[PDB]
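When reading the values below, keep in mind they use all heavy atoms of this one structure, side chains included, and skip hydrogens, waters and symmetry mates. Reminder, nothing fancy here: chain letters follow the sequence lines and each chain counts from 1.
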Amino acid sequence: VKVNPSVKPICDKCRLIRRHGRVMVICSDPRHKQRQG
Amino acid sequence: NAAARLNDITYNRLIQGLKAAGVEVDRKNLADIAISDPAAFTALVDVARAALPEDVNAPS
Amino acid sequence: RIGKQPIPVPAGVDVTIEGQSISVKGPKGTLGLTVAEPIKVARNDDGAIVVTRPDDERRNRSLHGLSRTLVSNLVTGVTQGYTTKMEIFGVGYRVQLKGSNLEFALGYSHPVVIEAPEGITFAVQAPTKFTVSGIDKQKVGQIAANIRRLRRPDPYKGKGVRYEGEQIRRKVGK
Amino acid sequence: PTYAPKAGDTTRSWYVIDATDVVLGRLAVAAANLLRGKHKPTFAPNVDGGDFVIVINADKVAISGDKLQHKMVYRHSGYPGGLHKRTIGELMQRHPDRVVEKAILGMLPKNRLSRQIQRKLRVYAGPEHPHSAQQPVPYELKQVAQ
Amino acid sequence: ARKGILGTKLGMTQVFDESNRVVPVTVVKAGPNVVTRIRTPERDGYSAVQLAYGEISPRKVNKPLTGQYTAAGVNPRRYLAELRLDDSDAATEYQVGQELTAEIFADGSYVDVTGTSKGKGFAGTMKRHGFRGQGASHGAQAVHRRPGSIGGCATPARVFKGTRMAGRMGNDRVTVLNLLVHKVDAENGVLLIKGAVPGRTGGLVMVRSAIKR
RNA sequence: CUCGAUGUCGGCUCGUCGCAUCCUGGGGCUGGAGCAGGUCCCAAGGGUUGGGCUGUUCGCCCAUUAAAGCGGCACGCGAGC
RNA sequence: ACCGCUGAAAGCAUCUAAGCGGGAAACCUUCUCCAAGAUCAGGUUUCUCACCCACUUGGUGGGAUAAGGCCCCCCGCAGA
Ligand SMILES: [Mg+2]
Ligand SMILES: [Mg+2]
Ligand SMILES: [Mg+2]
Ligand SMILES: [Mg+2]
Ligand SMILES: [Mg+2]
Ligand SMILES: [Mg+2]
Ligand SMILES: [Mg+2]
Ligand SMILES: [Mg+2]
Ligand SMILES: [Mg+2]
Ligand SMILES: [Mg+2]
Ligand SMILES: [Mg+2]
Ligand SMILES: [Mg+2]
Ligand SMILES: [Mg+2]
Ligand SMILES: [Mg+2]
Ligand SMILES: [Mg+2]
Ligand SMILES: [Mg+2]
Ligand SMILES: [Mg+2]
Ligand SMILES: [Mg+2]
Ligand SMILES: [Mg+2]
Ligand SMILES: [Mg+2]
Ligand SMILES: [Zn+2]
């Protein structure tokens, strides 16, 4: 994952969810995974 | 406060009740009746409970 | 919309609510479940399952579509039971039964044996094809996830366990 | 002169408190008020008045699900790095009577006389207590309406 | 099934094995014990077995201790210790009155040996805790075996607890783990145990089977 | 704050704590074929060398090492040297 | 940390909101040692299990013992 306080979607099919009380970006491309930290 | 809660009232509305009923007994003697004569303290709660307004949460 | 559909009974020989508790039986075995007490589960004209709720809360609309499919995985979990079809890819990789267990040759210095738990049947149809079968959708899906992660994801050659017809991603290599 | 209790005036009784669906805070307050004697009109702050309190079913007490996970219990041994911690949830597995007892002792005054007050407290994890030689009357949480 | 016996350290010798290697052995006289008492979880809360060892004259054992040997039908012994077992299957093999000999241990087995180590008196921080000490020359003034600093400065204004200082050393309970049983001589009650055993020659020694093997 | 005194650098001895981790342990991504890495995430249980030069701290160098971590404690520690 | 299973809110999807897993030299057990002054001062046992006087008759004050212990004495590889 990428760990930054500013996460946001990169491509068309990145999705921004909130699991376990943290904002993260799940995507099919593995280098687009991000979570806030 | 301990003797009033035996007679299912708080200290709070007991002091409102005795001011409303015109009972000028001070707290020195009201805590002395509560020990030596618990029946007369029950007779003072019923005077305080009756003089209390019907809805205490309603404005004056 | 899910929750806004009454659950039918295909066969369901004992589809009976016993006090915030639902059971099931059909051709295959039995299952149990307990729905959370704000959500109400009821009956259709022919005894089929109906799910209701108190209306318009954040926490009640979510548990309503939740407990709908969890009931309809019992009336479907018995009759039309759940199988996952799994395929071994990679040169030299194979799988065999040793009893009800399931041994793998995945390029290690030892065979990896998967003990089949209760209510789970393993069966092969080929040396690189097999199925995980059972009645409970979660318990079948948990075992098929354990067998899936037996090797590291390889983008370069694609060797290892997969699900059937899934498209793993590939990298260009050297 | 106002009433001061002599030696030989206090009458101590026995109470049992069922702890099945009571939150830990409400029970520890009602046990501490009952061990000290705040409900008797002969209360004096220098006198061990108050009654014997038995707390049964201490494993059942209403603790929140996130308090069992995250609330901590710290102990230090005097040695460097002696800070040993558990959670509430894993103390309820081992010693659920010690969780109920620790909540009551933090609500008592911090003096010598509270050390003789806490000797009248018995906490048991199960529904059964050995003090049937006395007759503990059951105690329920009452709130005098206002 | 953890086994156990009481005995006496008889000192050290050496022996040669089948590959003609020298083996330093300690001679424990795992003498004939007797049971005298069993701890059951219904009576005692836990599970163990007493063991009584050592010839003593019956005029030296006082009246409270003679009555405990009288309830077990045993002549009074000198030493008396328990072998702590696990909770399961307490004493289906141990009976009160049973004599235990040296040949409960086999050759090539492993044993834990526990005893009371040798007394070293009031020891300094170099002997007791392995400190370095200051130097012998280059001006060093009367601190050649002294500890050095014992803490910080005004933060914290104290010495931390468990700071290694001088004091009495030895006479401790020491367990030595995983000792090889080279030979058990059933003719004499003698175990040949590879290596060293805590205590002086003549001291009481408890020999249990090893848990780590 | 202290001038009717609160002894200042380095070393020695003995330490204790932090994590912003040097090694060992677990991971994500990779312009990750492999072997080696780069980067981020978790992790403080233990470990973390001997010398030449300089009063030195620091630094450079020699020979090793799994590694030769960074800081706080009156730039810890002179009623211990 | 990370990887999931089933699964809504939100007809799809989602490791999560109900629920269930995997997971490290860190944490807790297990290993070794201290440990009931742990004043909540514990448990299992065994032994003695007994006199006499005075009194203001007191859960009194003495005196003499039992089991047991201590000092003395001969010493220790135990030790200022
Ligand atoms: Mg950015
Ligand atoms: Mg998690
Ligand atoms: Mg000596
Ligand atoms: Mg030296
Ligand atoms: Mg001098
Ligand atoms: Mg000198
Ligand atoms: Mg100083
Ligand atoms: Mg001065
Ligand atoms: Mg340091
Ligand atoms: Mg960190
Ligand atoms: Mg990496
Ligand atoms: Mg370290
Ligand atoms: Mg550890
Ligand atoms: Mg030279
Ligand atoms: Mg300094
Ligand atoms: Mg320094
Ligand atoms: Mg200096
Ligand atoms: Mg002990
Ligand atoms: Mg303590
Ligand atoms: Mg005792
Ligand atoms: Zn993307």
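The side chain of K63(E) lies closest to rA67(G) when the candidates are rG11(G), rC40(G), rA67(G). Nearest nucleotide to the side chain of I211(E), out of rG80(F), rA74(F), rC31(G): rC31(G). The listed nucleotides are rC14(F), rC5(G), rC29(F); the one nearest the side chain of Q142(C) is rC5(G).
Taking the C1' atoms as reference points, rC40(F) lies 13 Å from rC2(G), given to the whole Å.
Protein atom CZ of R168(E) is 15 Å distant from nucleotide atom P of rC34(G), rounded to whole Å. Note: CG (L16(A)) to P (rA13(G)) measures 20 Å, nearest angstrom. Spacing between atom NE2 of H138(E) and atom P of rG11(F) amounts to 17 Å, rounded to whole angstrom units.
A salt bridge does not link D48(D) with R119(D): every distance from a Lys NZ or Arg NE/NH1/NH2 to an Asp or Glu carboxylate oxygen is 4.0 Å or more.
Cation-pi check for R145(E) over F131(E) is not met; the charged atom does not lie both under 6.0 angstrom from the ring centroid and within 45 degrees of its normal. A cation-pi arrangement is found for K161(E) relative to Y79(D), the charged atom lying closer than 6.0 Å to the ring centre and inside a 45° cone about the ring normal.
Nucleic acid contact class of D136(C) (heavy atoms, under 4.0 Å, all strands): none. Nucleic acid contact class of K171(C) (heavy atoms, under 4.0 Å, all strands): base. Note on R132(E): only backbone sugar-phosphate atoms sit closer than 4.0 angstrom, heavy atoms only; bases stay farther off.
The bases of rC14(F) and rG45(F) do not line up as a Watson-Crick or G-U pair with both contact lengths under 3.5 Å.
At a cut-off of 3.5 angstrom, the base of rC15(G) holds at least one donor-acceptor pair with the side chain of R19(A).
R208(E) places no side-chain N or O within 3.5 Å of a backbone atom of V113(E) that could act as its donor or acceptor partner.
Taking 90° from 0 as the syn/anti boundary, the base of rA5(F) is oriented syn.
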